[PDB]
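Engineer: Here it is: the structure, laid out below.
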DNA sequence: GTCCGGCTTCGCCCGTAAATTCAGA
DNA sequence: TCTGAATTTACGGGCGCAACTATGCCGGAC
RNA sequence: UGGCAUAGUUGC
Ligand SMILES: [Mg+2]
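Protein chains in written order, with the UniProt record's numbering: chain P, 253 to 804; chain V, 2 to 1342.
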């Protein structure tokens, strides 16, 4: 293939073939004139080496290198390896009718549709647009249709809307670790340059919106479109294929909104009043007469289908909250009421969706998930749940736990210097006592954090689960766990080097406090471990899963 | 005091500790290394002088003729840096070397030579480093990253038990030379010392000892102590050294002087050793069983036969003892082979090997090095001599010899580049000592074992690599030359030098395309340390040893600013205060602590030197005199932080920032951020795009100004003075008389670089930051480049941010941006794009740039001129023709019948096709520059003529402007001088300004000064005319274009990307996010005052991603803006200067024990007004990286304003107007617009060009390629039942030519059905397998 | 400018075949 | 002096996916 | 008008 200028591409097979013909011709010429045995012997050896290099370069040794001293890619090198035909052009190929773009949120979408930009929609569906233009007589010859499409006339957009109606598009994220990494959605034309991806499916994709890009593919044939619609639609992949748990569980904002909505405090506006139903609860909350989280009595009618598929109503007076009653308007009929009478963390919502799927079916579950997402987003927005610096309250027991642990390490060191213990067991003992101290600090932090708020304006003090933002997000399961909140407020504990070796020196300061120079130097060991395992030890998991796939 | 530049805007500093050492010149490493490579060095140690003196002089193989060296010189660059960037040539200097050739006649070793012929021969060009530390190689600025390789010397490692599957820790000793062959001494499970050269094959170590002409008995005497057995009467009275009795069990009963110290069987204890040492026991009687296992030291001969009875290294037995008894040998020497302290390693090595004589050793080494070839005595001897002992082929450099001596506990640090017998013996003995148990192996990751190559050193190495080849060529030519006919010009060939030098600067793993989209990006790319590159590691080989942070990286390497990816920890970045030792090792500053007082003198310490010291931490409290107030201070003695008393402290950290680099030192509240998030924050600051206007980070760290000034993006005033003239594209500073040199007058001219393309297609533009008549001091910024405000690095914009969920539009990491942000165009960026159309001389004729474009109407060609090139300033969009070129290289010619048929159809298609460079689809903008490069003798067109005429007029105008500006300054100086001693003023204007050589002045030095000024005028005029002539010659001449290209037309578009969803934005604490919606202004949250928040972020990203530093920053930012608000409140309604300065002083005095202490009483009520004008948009605040503002100070600053101390305010919903409960955190945070724009990522393809070997879609978006349906995607589809989707995915959509063509036709026809077919890549695989001796076929059904 | 040709070592792990070393007769 | 089993040593294969930008692409006789 | 190499970068 010509390179820039008169010079041709410096091909590899051509060089090898062309220095096998050289030796062959030289040897033929030598045998024609009956050259001395030594010279023809050396020429035969060189011919053998050249042929060996052509068939598999470097296998014999002394991999012959061309210009730039790069070993030539022989036939064996072309058919084998990760860059060979099998794993580069036959098991996985580049495909037409495919595009790529950054992904955004677009909360308004339903679970079965995705926002596709108008420009990529036009570029992907060009042949379909040509077919529609020919069918409607707006362009007799394909050149005319192509010209109409490239000018982006006002009429080809209508064609694009008409042809996108019921044409699913596969959306795929780069590390397709499991089968839910590629799912079909109905396109909705978007005025922009980024694909709007439903919030619920993100967990399946492992797709956060911090720069991630995803690829769109277009099924062409009727069989492919029906396969996308009936096998790969996001509204069919409610349950993960690895286990029975739902995979479209709301991730972080919806769960926070639901946790805030379904919750109670000992004294809020409109507490103790008896409501005539969930609609009354929503009316009161919107009117500002009652807090979203205030204990009340609500007349709830729940449907139990213990009969032969017949939903039987049951009306009672439940002791609930305004927010719980409001949320009950979203739950479908067949579910019990106790399913929304708790704090509704992330696991609670996952169990709720699972039970809805097992009891009611698929379509009710999809609708329920969409409504859960909408209501959670709305009420998380209403809650105004923010994060400040005064929310990471430091425990008052942290310092004394630290001092006790330091006394323990001092005494263990004193024993070690006396020879009573050897280095390895001293290191193990130090590690264990520091782990115990870290656990104690975390426990004290959570104790001071969860019951932090005591609120009363009607009598004696009554403790309650805190409204603290950090705790409210950790308990709800939205984002983070005990470890990260511990590092924020409590002592952040021991670190591990990239080789899975634990630095016996702990970090005595949290993140709200300093982390002085020395403490921010032990931390970098753990940070280097974390980033190296992401970029160097991921090849082991990929290799293992490739072996598992290729054996089964 | 403040020098009228930082007094414009004083950044409130919260740093508690006092700065001791100013931040060094951040680009010091590159500039210094290159300066010590070209600078003339009389000592000849550095650079080209060293290379010449090491190679030259050259003699023939015999003493016939000699070529020696005199000196070298760097010629003036042929073109300026900007001219080189525009044209595309390297910015290099010619290297002209004065070489003299002498001729030696018959028997004239020292006598006068026949003739000496000396000439200044040209030896290639050497690229030059610009003032900013960068090289222009082919029009692109390139940075040569410094390398961090293993220092030359000797290193002992272990391979700790991973071999032999038994846990035994072997020991290897490697002698790494700077340039030579590797020598390794390795052990094996049998504890036999082996050696290998260049890691070819392992052979016994003693062989090389014999190769050094060592006899076996001498080897044994050298490597072992000697035990003496004396046959006085009987029992072999043995000379015993008591200290040798410890560590074993007494196999016999030991007795002397009738005192059995140790009984039979019992082991020897310490008390016994003490008693024997104090008893003065020298000789003992021994049994016969003891000597039965010893090894005789040296050979013995029998007097009767005169032949051998026992040789060296033989296990003595009863038979051998009896044989040597009667021969007369009474004193018997054996080796003291203790079991656990003096191993028989050399003895076993001597026994195992088949080599006994020196020649056998030499032939063995020759066969190992050259396997199969017939060995020769002279060949083997020469090979071994040239291995480690020739000065030309082996060289332990000065640092190498220093490390070699240090590792062997030698005294001197200077030696010979080659090895020696003593050196190898010492290395082997040290390795054996390590094996025994005394001593320790070296750790490679130690920064005292790793050097720092810089651009100068690598350039010198490559220049020497060229010069050795040149030496070979010259030596070859000297043999076959008639000496008295030729000068030293044909003798020297410059092609090797140029080839090597340009192949290192252009195509090398360390000479990298510069990351130029920020001052920070450039300044941290130049301060980069890469373990990769030639002579270094490889990302696929090194693992989890050089990636980890060593304790020695403290103060010499940033532990957190490293790239994440395949090479993490291999691309370390230099620390802020770190410097390079004389030998190339990284050293860091430390304040000396002689007595308990911390002295203010700085010592730079390297890793090894710093190891044996106790260094107090930077955050150690001190008083006015200087004393560690605390009884015990935290220090670090041997890479182990601990607590030390007040007196042992030998050193203290100079600053708290020295542990990090210039990337992480710009992150406020770094200490509160998880180290990963600090790393990501730095990596993302390196990617921020310069916005339309800089925005002066409200919460900085004090390193912004240093970074901006040190990086060559601003126009720093070379000399102080008064701004005489300032426009959008020029500054003229009249220098003060104090700083003015004598003679030349003498006013600085700074030509600002206007809108120009960067390596990342960003915009480089310098805007003046000074006005007319404004005083300027030395080192003050006059013009600020991209991402800079008043000399402070401003990578992004600070705006109002609220932390709360908002209807899911900030779900995971998405950012919700108001329409006010895009309305203000604050994150609008200018991207300049270069499009080159090349007309070449191809077959079937040349190519043409004519405007007669077929198949397109006149409307599309309206924007072009008569010459077929777009106008400057034309607003072009996607598809528009910029430079329409159509070539006679069209199509074939039609035969009579064919042509008649074509003409019958009624078509006049010609032999001209359409190439017609056009704007890429989806890219708009305005044309800002068109450059036409024409080859020599091509008849440049009308547009090229117009461009050249405009360029010539502009060059004349700028030259004349500079000349008359300088001459106005000169005449002003002359008039100022004339004011005394015969001043003429009334009639001075009567005569013309020129005729001032005839004036009347007295006799003094003033008239001499006037004469000097007049001579300066004359030479200025002459050099003016010559420079104008040179510029005209350079403009009018042709261009050295590529071989076979007629001309090049480069069009510079200037697109303006405002903002849109999908554009990635991030803060300084590793917090990312793609904009999810450009919200309406009325829909955003607003506070009690009705001011909407510019951005809404998600709180859930703060706990999960432990970057608390943002929240603190946000709070502080709010406080900062609060202060500004009050100043604005005091400023928009005019108020007295007294109250304003009072409030400003109260704001600046707010702190715990800050060391800024700015006093406003010395501002004169006029600089206070400018300061207030600068502070009305929020008071800038400096938060040092580890000495930042505590939360209490943030609360105090918040309370100084009318803001709540909690940092959280009450917000109302823009949509419903309803209050948000749970008051939200609102402040001002510094958003960066990273260089990942959605329109650069969006891509789509339905049908396009396919690859050649396999008919699959092309890859990438630069070529209209398709997305890769990877193997894992195939697995995912198999997990579904999607068989038809997969089949069409990998057959009809990828590589079935008939299948895909038919499917396209069916889609156009309205039928969605496919014919499967067979992939073409499968046929390719079949043929490739058949290209071997394998017959793979698809057998019939 | 147009036409013609054959000096780098330095990673971790595991499976398998060849060579060695016991452990005998 | 031979011969089988177990052990050691040598040596060949493996070392995730997807995506974007830039430069450079052969050295020696007529 | 499609290939390889090197360097840098993004998402996991
Ligand atoms: Mg992501």
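Ideal Cβ placement from N, Cα and C applies to all residues, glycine included.
#1: Using the three-state DSSP reduction, which class does residue 293 of chain P fall into: helix, strand or coil?
#2: With DSSP collapsed to three states, give me the class of residue 24 of chain V.
#3: Which bits of chain V does residue 484 of chain P rub up against, with CB to CB less than 7 Å?
#4: I need the DSSP call for residue 1319 of chain V, collapsed to helix, strand or coil.
#5: Decide if the stretch 116-133 of chain V is in contact with the stretch 498-514 of chain V; the criterion is three or more beta carbon pairs, one per stretch, under 8 Å apart.
#6: Please work out which residues of its chain come closer than 6 Å, Cβ to Cβ, to residue 102 of chain V, disregarding the five sequence neighbours upstream and downstream, and give them in chain order.
#7: Quick one: which chain V residues come within Cβ less than 8 Å of residue 438 of chain P?
#8: Hey, quick one: how far does the alpha helix (DSSP H) through residue 479 of chain V stretch, first residue to last?
#9: Spatial neighbours of residue 350 of chain V within its chain, please: C-beta separation below 8 Å, excluding the five flanking residues on both sides.
#10: Out of V/1215, V/971, V/1192, V/1193, which one is the CA nearest neighbour of residue 1089 of chain V?
#11: Over the uninterrupted beta strand (DSSP E) stretch that includes residue 1 of chain V, give me the two end residues.
#12: Determine which residues of the stretch 356-371 of chain P have a Cβ less than 9 Å from any Cβ of chain V, and write them out in chain order.
#13: For residue 364 of chain V, which residues of its own chain have a beta-carbon under 6 Å away from its beta-carbon, when the five flanking residues on both sides are left out?
#14: Would you say residue 446 of chain V touches ligand 1, meaning its beta carbon is less than 6 Å from a heavy atom?
#15: Against residue 378 of chain P, what residues of chain V qualify as contacts under a CB-to-CB distance less than 8 Å, listed in chain order?
#16: Distance cutoff 7 Å, beta carbons only. Does residue 335 of chain P sit that close to anything in chain V?
#17: Quick one, are the C-beta atoms of residue 435 of chain P and residue 466 of chain P less than 7 Å apart?
#18: Does any residue of chain P bring its CB to less than 7 Å from the CB of residue 288 of chain V?
#19: Starting from residue 731 of chain P, find everything on chain V with Cβ-Cβ shorter than 8 Å and list it in chain order.
#20: Kindly identify the DSSP beta-bridge partner or partners of residue 148 of chain V.
#21: Could you tell me the alpha carbon to alpha carbon distance between residue 485 of chain V and residue 106 of chain V, rounded to whole angstroms?
#22: Taking C-alpha atoms, which residue in V/1071, V/1262, V/1328, V/1130 lies nearest to residue 665 of chain V?
#23: Is residue 1064 of chain V near ligand 1, with its Cβ less than 6 Å from a heavy atom?
#24: At a Cβ threshold of 7 Å, is residue 620 of chain P touching chain V?
#25: Could you confirm whether any beta carbon from chain V is found closer than 7 Å to the beta carbon of residue 666 of chain P?
#26: Can you pull the chain P residues whose beta carbon is under 7 Å from the beta carbon of residue 110 of chain V, in chain order?
#27: Between residue 451 of chain P and chain V, is any beta-carbon pair separated by less than 7 Å?
#28: Tell me which residues share the same chain as residue 602 of chain P and place their Cβ nearer than 8 Å to its Cβ, disregarding the 5 neighbours each side in the sequence.
#29: So the alpha helix (DSSP H) residue 69 of chain V belongs to, where does it begin and stop?
Structural biologist: Inspection of the coordinates gives the following:
#1: The residue labelled residue 293 of chain P in the question sits at position 41 within the first chain. Three-state DSSP puts residue 293 of chain P in a helix.
#2: Locating residue 24 of chain V in the second chain gives position 23, where the first residue counts as 1. Residue state, collapsed to three classes: coil.
#3: Start at 1 with the first residue of the first chain, and residue 484 of chain P comes out as number 232. Those are 1281, 1283, listed as they occur along chain V.
#4: For the purposes of this step, residue 1319 of chain V is taken as residue 1318 along the second chain, with counting starting at 1. Residue 1319 of chain V falls in the coil class under three-state DSSP.
#5: yes
#6: Here residue 102 of chain V refers to the residue found at position 101 when the second chain is read from its first residue. Same-chain partners within the cutoff: 68, 118, 489.
#7: Position 186 of the first chain holds residue 438 of chain P. Near residue 438 of chain P there are no residues of chain V at all, since even the closest Cβ is about 16 Å away, more than 8 Å.
#8: Walking along the second chain from the start, residue 479 of chain V turns up at place 478. Here the alpha helix (DSSP H) through residue 479 of chain V covers 456-480.
#9: The sequence position of residue 350 of chain V within the second chain is 349, counting from 1. Closer than 8 Å at the Cβ level, and outside the excluded window around residue 350 of chain V, lie 193, 194, 195, 205, 206, 207.
#10: Position 1088 of the second chain, counted from the first residue, corresponds to residue 1089 of chain V. Looking at the Cα atoms, V/1215 is the closest of the given residues.
#11: Past the edges of chain V, shown from 2 to 1342, lies residue 1 of chain V, and the structure says nothing about it.
#12: 356, 357, 358, 359, 360, 369, 371
#13: The residue labelled residue 364 of chain V in the question sits at position 363 within the second chain. Cβ within range, chain order: 376, 381.
#14: Residue 446 of chain V sits at position 445 when you count from the first residue of the second chain. Not under cutoff, so the answer is no.
#15: As a first step, residue 378 of chain P must be located in the first chain, where it is residue number 126. Per Cβ cutoff of 8 Å: 1247, 1248.
#16: The residue labelled residue 335 of chain P in the question sits at position 83 within the first chain. False, the Cβ-Cβ gap to chain V never drops below 7 Å.
#17: Along the first chain, read from residue 1 onward, the residue named residue 435 of chain P stands at position 183. Along the first chain, read from residue 1 onward, the residue named residue 466 of chain P stands at position 214. No, the Cβ-Cβ distance between residue 435 of chain P and residue 466 of chain P is not below 7 Å.
#18: For this step, residue 288 of chain V is matched to residue 287 along the second chain. Answer no: the Cβ-Cβ gap between residue 288 of chain V and chain P never drops below 7 Å.
#19: Here residue 731 of chain P refers to the residue found at position 479 of the first chain. Result: 1101, 1102, 1104, 1105.
#20: Here residue 148 of chain V is taken as the residue at index 147 of the second chain, counted from 1. DSSP lists V/454, V/531 as partners of residue 148 of chain V.
#21: Reading the second chain from its first residue, position 484 is the one you call residue 485 of chain V. Reading the second chain from its first residue, position 105 is the one you call residue 106 of chain V. Distance between the alpha carbons of residue 485 of chain V and residue 106 of chain V is about 12 Å.
#22: As a working note, residue 665 of chain V is residue 664 in the second chain. Of the candidates V/1071, V/1262, V/1328, V/1130, the one whose C-alpha sits nearest the C-alpha of residue 665 of chain V is V/1071.
#23: One-based indexing of the second chain puts residue 1064 of chain V at position 1063. No, ligand 1 has no heavy atom inside 6 Å of this Cβ.
#24: Translated into positions along the first chain, residue 620 of chain P becomes position 368. By this cut-off, residue 620 of chain P is not an interface position.
#25: As a working note, residue 666 of chain P is residue 414 in the first chain. By this cut-off, residue 666 of chain P is not an interface position.
#26: On the second chain, residue 110 of chain V is found 109 positions in, with the first residue counted as 1. Residues of chain P passing the Cβ test: none, with the nearest at roughly 44 Å.
#27: Within the first chain, residue 451 of chain P is the residue found at index 199, counting from 1. Yes, residue 451 of chain P lies at the interface with chain V (some Cβ there is under 7 Å from its Cβ).
#28: Taking the first residue of the first chain as position 1, residue 602 of chain P is located at position 350. So the list reads 497, 498, 501, once near-sequence residues are dropped.
#29: In the second chain, the residue the question calls residue 69 of chain V occupies position 68. It is not in any alpha helix (DSSP H) - residue 69 of chain V instead sits in the beta strand (DSSP E) that spans 66-75.
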